[PDB]
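Number of protein chains: 2
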Amino acid sequence: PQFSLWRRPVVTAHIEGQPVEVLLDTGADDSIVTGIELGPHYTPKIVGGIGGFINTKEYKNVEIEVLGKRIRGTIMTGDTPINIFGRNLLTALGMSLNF
Amino acid sequence: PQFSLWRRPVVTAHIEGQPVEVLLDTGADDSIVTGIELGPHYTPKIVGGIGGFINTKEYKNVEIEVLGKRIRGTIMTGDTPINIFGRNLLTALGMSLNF
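So this is what it looks like as structure tokens:
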């Protein structure tokens, strides 16, 4: 199936059974969400975006449900204005940029 | 043809005949580049990214060459750490997010 880019390629994912709205975003190496609690077990980060950097909490082998797929993968949590699924999760999902 | 997301979907565009390396990025509404002079004729902006906002110069019906296509479209210029072609230019280019 497909996403044409006339609208934001936005979707609903359950991370550990909580549901979040994420933008599928080719331009990110990682995936940052806010709004969900992933717990105690993390290594911190610093991510760079357009206008600065933010402080995030890095979580590995995290349960993700999205597009009728069950995936395990790394997610960061922090100060993001929008939730993104970066290229790390799109490779896993089997996605391509077609033209 | 296609971009699988194992590598950054990066490409070379000529904006007004100058060549720039751009990341095709689904997660942007617009396209911001730095490094090129587009001239005097602009309306300013403020774009929001992850960590803040930046100040940009908005240019319309700008000549773009990329992927053996000649396109006209809006580009912003400013403080971007990476050059991006947002969803505004990918619709024009005939791109889709396939899975």
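Residue numbers (the authors' numbering), protein chains in the order written: chain A, 1 to 99; chain A', 1 to 99. A prime marks a further copy of an entry chain.
Here a beta-carbon is modelled for each residue, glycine too, at the ideal position from N, C-alpha and C.
For residue i, three-class secondary structure by DSSP
{"i": "A'/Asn-98", "result": "strand"}
{"i": "A'/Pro-19", "result": "strand"}
Sequence-distant residues of its chain with Cβ nearer than 6 Å to residue i (five each side left out)
{"i": "A'/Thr-80", "result": "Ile-32 and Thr-34"}
{"i": "A'/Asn-83", "result": "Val-20, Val-22 and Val-33"}
7 Å Cβ shell around residue i - same chain, five flanking residues per side excluded
{"i": "A'/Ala-92", "result": "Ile-71 and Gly-73"}
{"i": "A'/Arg-87", "result": "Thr-26, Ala-28 and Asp-29"}
{"i": "A'/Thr-43", "result": "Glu-58"}
{"i": "A'/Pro-9", "result": "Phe-3, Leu-23 and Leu-24"}
Close beta carbons around residue i, own chain, < 8 Å, minus the five adjacent residues each side
{"i": "A'/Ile-36", "result": "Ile-15, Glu-16, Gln-18, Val-20 and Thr-77"}
{"i": "A/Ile-64", "result": "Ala-13, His-14, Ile-15, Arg-70, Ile-71, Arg-72, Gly-73, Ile-75 and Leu-89"}
{"i": "A'/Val-62", "result": "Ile-15, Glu-16, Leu-38, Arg-72, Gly-73, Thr-74 and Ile-75"}
{"i": "A'/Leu-97", "result": "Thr-26"}
{"i": "A'/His-41", "result": "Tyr-59"}
>> Threshold first: 3 residues or longer. Then list the beta strand (DSSP E) segments lying entirely within the segment 23-98 of chain A', N to C.
In response: Listed in chain order, the complete beta strand (DSSP E) runs (minimum 3 residues) inside the segment 23-98 of chain A' are 43-49, 52-65, 70-78 and 96-98.
> Using a Cβ cut-off of 8 Å, which residues of the segment 30-54 of chain A' contact any Cβ in chain A, in chain order?
Replying inline: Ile-32, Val-47, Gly-48, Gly-49, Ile-50, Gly-51, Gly-52, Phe-53 and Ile-54
>> Please list, in chain order, the residues of the segment 74-91 of chain A that have any C-beta partner in chain A' closer than 7 Å.
In response: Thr-80, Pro-81, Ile-84, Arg-87, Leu-90 and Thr-91
> When you check each C-beta in the segment 8-20 of chain A against every C-beta of chain A', which residues fall closer than 7 Å?
Replying inline: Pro-9
>> Along the segment 53-68 of chain A, where does the CB come closer than 8 Å to a CB of chain A'? Name the residues.
In response: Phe-53, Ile-54 and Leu-67
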